[PDB]
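Numbers restart at 1 for each chain; the letters A, B, ... are given by sequence-line order, proteins then strands. No hydrogens, no waters, no symmetry mates; every other heavy atom, side chains included, goes into these values.
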Amino acid sequence: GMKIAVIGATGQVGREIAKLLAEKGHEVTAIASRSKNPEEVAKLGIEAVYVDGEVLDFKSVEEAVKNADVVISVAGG
Amino acid sequence: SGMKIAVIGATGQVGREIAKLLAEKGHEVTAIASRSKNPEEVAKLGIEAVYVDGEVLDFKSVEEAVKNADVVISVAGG
């Protein structure tokens with residue numbers, strides 16, 4: 001298992017994520033805090049990543065983040 | 001019409017698990033390999049930004065739990 005911090009919006013989504021990853025054997029710390037909104041997150045900048053067999057559609061990526069109700073941004077692995 | 005959730009940086013096992021979980025919870029999920037260029041700014045930790053009382057669990061303990069993490073999941077919106 002790994003060390004995982006789950007930060008930002010308090011709510012069912014963040015709690016369920018945290019719960020799942022603890023169930024998978026990770027060491028999970030949850031910190032409630034203020035976050036940017038989806039449009040602000042998009043405007044932080046996105047690094048486009050190609051997936052074999054899929055069109056990498058720049059506008060589709062922009063729209064998916066900007067128009068989300070919730071954005072989960074995963075960093076590290 | 002369930003909540004629209006974008007998972008960005010979903011290239012790893014943890015991203016895939018999150019995407020799977022949230023679709024099981026009836027959300028409309030778009031998992032995206034493309035990732036934030038500035039991940040730490042999604043939920044930037046500062047004394048003013050953290051909802052946890054700094055008299056109880058201090059800012060340094062908060063900062064350390066994120067610094068020592070292998071993976072940081074930042075949840076934006078709700």
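Contact tally against chain A (heavy-atom pairs below 4.5 Å) for B:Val42, B:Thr30, B:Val62, B:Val14: the top residue is B:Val42. Of the listed residues (B:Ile5, B:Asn38, B:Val72), the greatest number of heavy-atom pairs within a distance under 4.5 Å of chain A belongs to B:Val72. Residue with the most contacts toward chain B among A:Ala30, A:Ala48, A:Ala32: A:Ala32 (heavy-atom pairs, distance under 4.5 Å). Among the candidates B:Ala10, B:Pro39, B:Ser36, the residue making the largest number of heavy-atom pairs closer than 4.5 Å to chain A is B:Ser36. With respect to chain B, the highest number of heavy-atom pairs below 4.5 Å among A:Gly8, A:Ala5, A:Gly76 belongs to A:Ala5.
Using a 4.5 Å cut-off between heavy atoms, A:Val6 contacts chain B through both its backbone and its side chain. If you measure heavy-atom distances from B:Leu45 to chain A, the contacts under 4.5 Å come from the side chain alone. Of the two parts of A:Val51, only the side chain, counted from C-beta on, holds a non-hydrogen atom closer than 4.5 Å to a non-hydrogen atom of chain B. In this structure, the portion of B:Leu22 lying under 4.5 Å from any heavy atom of chain A is its side chain and not its backbone. With a 4.5 Å cut-off on non-hydrogen atoms, A:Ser73 touches chain B through its backbone and its side chain both.
Few gaps surround CD on A:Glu62; more than 12 heavy atoms of other groups in view lie less than 6.0 Å from it. Heavy atoms from other residues, nucleotides or ligands lying under 6.0 Å from CD of A:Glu16 number more than 12.
The CG atom of A:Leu20 lies 9.0 Å from the NZ atom of B:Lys25; values are rounded to the nearest 0.5 Å. The line from CG of B:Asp70 to NZ of A:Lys3 is 7.5 Å long, rounded to the nearest 0.5 Å. Once rounded to the nearest 0.5 Å, the distance linking CD of A:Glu40 with CD of B:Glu41 reads 11.0 Å.
In this structure a side-chain-to-backbone donor-acceptor pair under 3.5 Å is present from B:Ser34 to A:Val49.
No option in B:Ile18, B:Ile8, B:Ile32, B:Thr11 other than B:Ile18 meets the side chain to side chain contact (heavy atoms under 4.5 Å, CB included) test with A:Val74.
A continuous path of hydrophobic side-chain contacts links B:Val66 to B:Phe59 [ILVMFWY only; heavy atoms under 4.5 Å].
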> Could you walk me through whether A:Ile46 and B:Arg35 pass the side-chain contact (heavy atoms from CB on, under 4.5 Å) check?
Replying inline: CA-CA 5 Å; A:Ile46 297 290; B:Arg35 61 193 148 243; over 6 Å; no

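A:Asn67 approaches B:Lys4 most closely through the heavy-atom pair O-CD, 4.0 Å.
Between A:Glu47 and B:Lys37 there is no salt bridge, since none of the side-chain N atoms of the basic residue sits less than 4.0 Å from a carboxylate O of the acidic one.
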